[PDB]
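Novice: Dropping the structure in here first, questions after.
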Amino acid sequence: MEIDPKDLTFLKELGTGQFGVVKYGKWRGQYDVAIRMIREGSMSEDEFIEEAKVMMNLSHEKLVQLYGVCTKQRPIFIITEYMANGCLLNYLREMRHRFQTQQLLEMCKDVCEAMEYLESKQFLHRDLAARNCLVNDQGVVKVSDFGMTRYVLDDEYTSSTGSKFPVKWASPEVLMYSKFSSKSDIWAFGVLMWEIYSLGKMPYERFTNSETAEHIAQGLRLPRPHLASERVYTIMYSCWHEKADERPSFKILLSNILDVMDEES
Ligand SMILES: Nc1ncnc2c1c(-c1ccc(Oc3ccccc3)cc1)nn2[C@@H]1CCCN(C(=O)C2CC2)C1
């Protein structure tokens, strides 16, 4: 819903992100919130606003809840749930030896649940990666920056050959056909699981983007992480089938995850 800045407070700077500056603050006094001030010239604003209204109506425990926006001024403000531990990539790296495989599988269950809810709303992420996931005060992982890439103006960020495109999270049909689907979000989720169990290593760290794309096209798949059991690897590997229809939905994935977690008890 629209928010009157009268009801917001700026209390601390959290840093500038990929899609504009972000600050920590309080909404209506009692609500811990993270206020993003969108950059200017980066997004198709009207379209972006309408999609913001759609992502505002999305609610789920494992989705960074969106509380509102301030759009009748510029820069647009986006008021979101405050995730105290920041991006999942750095949470993974700072607490590298501070994790047990039970916690890793939990973070994957968290993400998979959020993506199964996004799947059921016919809403695509288009850029699922650890750098777009956040961690709260209790250690739970939640997805964020979902659907943001549909409205980015920089063609480097959007085109298949753009210098900033996340090829290393992209399915073959996204690199070759630009055919984003829930199956491409599933491929990306597979890569994300690999990030988690790798404790935040860059997939295909030393391959150039082109080299990665071609290797993927010819059958290359990420190596089983050291911290991944053969069952976890089987699960993240099923996301990376060459044929899109052969990949399991997020629901079937969540079921497999809970079966393995139960057997990991
Ligand atoms: N909420 C938050 N809490 C805490 N830090 C947050 C954030 C957001 C954020 C704000 C608004 C959002 O708007 C959305 C939400 C969902 C979908 C689309 C847009 C989505 C995310 N960004 N940052 C930080 C910003 C700079 C770098 N960061 C670090 O941690 C540094 C230590 C590495 C993360």
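Where a number appears in this text, it was derived from the coordinates with a stated rule and is not lab data. Here the Cβ positions follow ideal geometry from the backbone for every residue, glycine too, while neighbour counts run over all protein chains shown.
Novice: Just one of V69, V22 is touching a helix residue (DSSP H, G or I) at 6+ places or on another chain (Cβ under 8 Å), assigned to a strand (DSSP E or B) and surrounded by 17 or more Cβ atoms within 10 Å (Cβ to Cβ); which is it?
Specialist: When all the criteria are applied, what remains is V69.
Novice: List every residue pair whose Cβ atoms lie under 8 Å apart, where the two residues are 6 or more positions apart in sequence or sit on different chains, the first residue falls within region 77-93 and is farther than 18 Å from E106 by Cα, and the second residue, located anywhere, is in a loop (DSSP other than H, G, I, E, B) and within 8 Å of the ligand (Cβ to nearest atom).
Specialist: Within 8 Å, the pairs are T80/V64; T80/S144; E81/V64.
Novice: What pairs come up if the first residue lies in region 104-123 and is farther than 15 Å from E264 by Cα, the second is surrounded by fewer than 20 Cβ atoms within 10 Å (Cβ to Cβ) and of a type in the set (V, I, T), and their beta carbons are under 8 Å apart, counting only those six or more places apart or on different chains?
Specialist: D110/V140; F123/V54
Novice: Working carefully through the options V54, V64, find the one that is within 13 Å of the ligand (Cβ to nearest atom), exposed (fewer than 14 other Cβ atoms within 10 Å of the Cβ), touching a residue at least 60 places away in the same chain (Cβ under 8 Å) and within 21 Å of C133 (Cβ to Cβ).
Specialist: From the options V54, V64, the qualifying one is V54.
Novice: Hey, another quick one. Of all residues in region 138-163, count the ones that are part of a helix (DSSP H, G or I) and in contact (Cβ under 8 Å) with a residue 60 or more places away in the chain.
Specialist: 3
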